[PDB]
Amino acid sequence: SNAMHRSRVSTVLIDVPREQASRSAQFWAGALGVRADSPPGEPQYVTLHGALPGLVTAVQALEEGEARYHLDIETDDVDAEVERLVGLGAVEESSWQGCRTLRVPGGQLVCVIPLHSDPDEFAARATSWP
Amino acid sequence: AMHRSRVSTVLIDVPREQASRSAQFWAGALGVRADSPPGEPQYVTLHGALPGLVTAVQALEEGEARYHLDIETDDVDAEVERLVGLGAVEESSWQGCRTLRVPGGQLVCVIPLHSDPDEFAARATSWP
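Residues numbered from 1 in each chain as written, not as in the entry; some residues may be left out. Chains lettered and ligands numbered in written order. Heavy atoms only, no water. Residues with missing side-chain atoms left out of burial classes, pairs and counts.

Determination of this PDB entry was carried out by X-ray crystallography to a resolution of 1.7200 Å, according to the record.

A. Molecular detail of the overall build of chain B. Counting its regular elements, chain B contains three helices and nine strands. The C-alpha radius of gyration computed for chain B amounts to 15 Å, which stays within 12% of the reference 14 Å derived for 128 residues, consistent with globular compactness. Seen through its C-alpha atoms, chain B measures out along the principal axes to roughly 45 × 35 × 25 Å. Of the roughly 6,000 Å² of accessible surface on chain B, a fraction of 49% belongs to carbon and sulfur atoms. Separation between the mean location of the 10 positive side-chain charges and that of the 19 negative ones in chain B comes to 5 Å. (Helix = DSSP H or I, 4+ residues; strand = E, 2+ residues; numbered from the N terminus. Rg over C-alpha atoms; globule rule 2.2 N^0.38 Å. Areas by Shrake-Rupley, 256 points an atom, 1.4 Å probe, with all protein chains shown as cover. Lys, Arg positive; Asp, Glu negative; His and termini not counted. Charge placed at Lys NZ, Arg CZ, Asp CG, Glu CD.)

B. Molecular detail of the interface of chain B and chain A. In this complex, chain B contributes 37 residues to the contact, which on the side of chain A involves 36 residues. Carbon and sulfur atoms supply 71% of the area buried between chain B and chain A, which totals about 3,000 Å² over both sides. Where chain B meets chain A, there are zero salt bridges. Every element with two or more residues in the side of chain B that touches chain A is listed here: β1 (3-15), α1 (19-30), β5 (66-73), α2 (76-85), β8 (107-112) and β9 (125-127) of chain B. Ranked by residue count, the leading element in the side of chain B that touches chain A is α1 of chain B, at seven residues. Taken together, the residues of the side of chain B that touches chain A sort by class into 22 nonpolar, ten polar and five charged. (Contact = heavy atoms within 4.5 Å. Buried area = accessible area lost by both parts, 1.4 Å probe. Salt bridge = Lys/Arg side-chain N within 4 Å of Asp/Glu carboxyl O. Nonpolar A, V, L, I, M, F, W, Y, C, P; charged D, E, K, R; others polar.)

C. Main features of unusual backbone geometry. Residue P130 of chain A is bonded to the preceding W129 of chain A through a cis peptide linkage, with omega at 0 degrees. Considering the arrangement of structural elements, one finds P130 of chain A in the segment after β9 (127-129). Between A1 of chain B and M2 of chain B the backbone carries a cis peptide bond, its omega angle lying at 5 degrees. Within the secondary structure layout, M2 of chain B lies in the segment before β1. With a phi close to 60 degrees, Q97 of chain A is a non-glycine residue in the positive phi region. In this structure, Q97 of chain A sits in the loop between β6 (91-92) and β7 (100-103). With a relative accessible area of 22%, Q97 of chain A lands in the partly exposed category. The residue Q95 of chain B is not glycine, and still its phi comes out positive at about 55 degrees. One can find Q95 of chain B in the loop between β6 (89-90) and β7 (98-101). (Buried < 20%, exposed > 50% of the residue type's maximum accessible area, 1.4 Å probe, protein only.)

D. Representation of the side chain of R6 of chain B in the model. Residues and elements named next belong to chain B. Mapped onto the elements, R6 comes out in strand β1. Engagement of the side chain of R6 in a polar contact is seen with the backbone oxygen of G52, the distance being 2.9 Å. In contact with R6, other than residues within four places in its own chain, are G52, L53, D70, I71, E72, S115, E119, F120, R123 and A124. (Polar contact = N/O pair within 3.5 Å; in protein donor to acceptor, adjacent residues only side chain to side chain.)

E. Structural detail: the environment of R8 of chain A. Residue and element names in this part refer to chain A. In this structure, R8 sits in strand β1 (residues 5-17). Under the relative-accessibility criterion, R8 is labelled buried at 8%. If sequence neighbours within four positions are ignored, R8 has contacts with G54, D72, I73, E74, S117, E121, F122, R125 and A126.

F. Spotlight on the UniProt feature "domain: Glyoxalase-like" (unreviewed entry) in chain A. Per the UniProt record, "domain: Glyoxalase-like" (unreviewed entry) is annotated on residues 13-113 of chain A. Across residues 13-113 of chain A, the secondary structure splits into 22% helix and 37% strand, with the terminal C-alpha atoms separated by 13 Å. (UniProt positions renumbered as here; feature names shortened; annotations may be inferred.)

G. Region of interest: the UniProt feature "domain: Glyoxalase-like" (unreviewed entry) in chain B. UniProt feature "domain: Glyoxalase-like" (unreviewed entry): in the numbering of this structure it lies at residues 11-111 of chain B. The annotated region residues 11-111 of chain B carries 22% helix and 37% strand content, and the separation between its end C-alpha atoms amounts to 13 Å.

H. Representation of helix α2 (residues 78-87) of chain A in the model. Residue and element names in this part refer to chain A. Looking at α2, one finds that the buried residues are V78, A80, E81, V82, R84 and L85. The opening residue of α2, the one whose side-chain oxygen lies 3.4 Å from the backbone nitrogen of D79, is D77. One or two steps after α2, the chain reaches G89, where phi turns positive at roughly 110 degrees.

I. Spotlight on the pairing of β1 of chain A. Residue and element names in this part refer to chain A. Counting buried positions along β1 yields eleven of 13 residues, so the element is predominantly enclosed. Both β1 and β9 contribute to a ladder of three bridges, which runs antiparallel. Bridging across to β9, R6 finds its partner in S128. Of the strand pairs in this sheet, β1 and strand β5 (residues 68-75) are connected by eight bridges, and their pairing is antiparallel. Residue pairing in the sheet places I14 in a bridge with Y69 of β5. Bridge count between β1 and strand β4 (residues 56-62): seven bridges; the pairing is parallel. (Pairing = 2+ DSSP bridges.)

Here it is in structure tokens:
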């Protein structure tokens, strides 16, 4: 059933109500000793450059809801990866911050997102399914 | 001090009754082996989930599901003081760890050294 495809955790997100976003980025920049800025086309994100090895880390401004963390699973087939994770007991929730979003067994949220990495890096770190 | 710190650990905190199902899911979701370290039955390590870091499911005696990060340091007291200076607030000892509520509301723990020294040095920042 499940199409052959690849995935891995690519991104660690610090989700904060929009009003606290700049204060949060200020803290994490000082706490981690990192540079912080927003990418073009992504003003809701403040990248914490080089915070974690082999991953992207960012503060994401929430338009509604309470502060949390979440992980993004990067994949070359979003539909197939959502299907695979639902097969493992995850449940798809409403679109959340423009991402396909699942509640996993235990209660945490994860987002499934498309490719945003150097192909050679993704091939070196992604897990092949099945 | 000078002292050094880095984020070393990503924790998936779940009510104890849900801990087995969580570990099962994450092992399957990430394609990793999952097992508890000797002396640390409250954790199920997700081996190699995030290379350069440790990732684990932590069984909570109470409270709701969340994630948190551990900041690893060679001077726990100094690092807590430094993070408090940046606006973090120390909460009561939580799951046997020094635990801070950061600006924004997330939790972090400050923990002692537990990594290959060369890995720590490659990833850590020095603080006056």
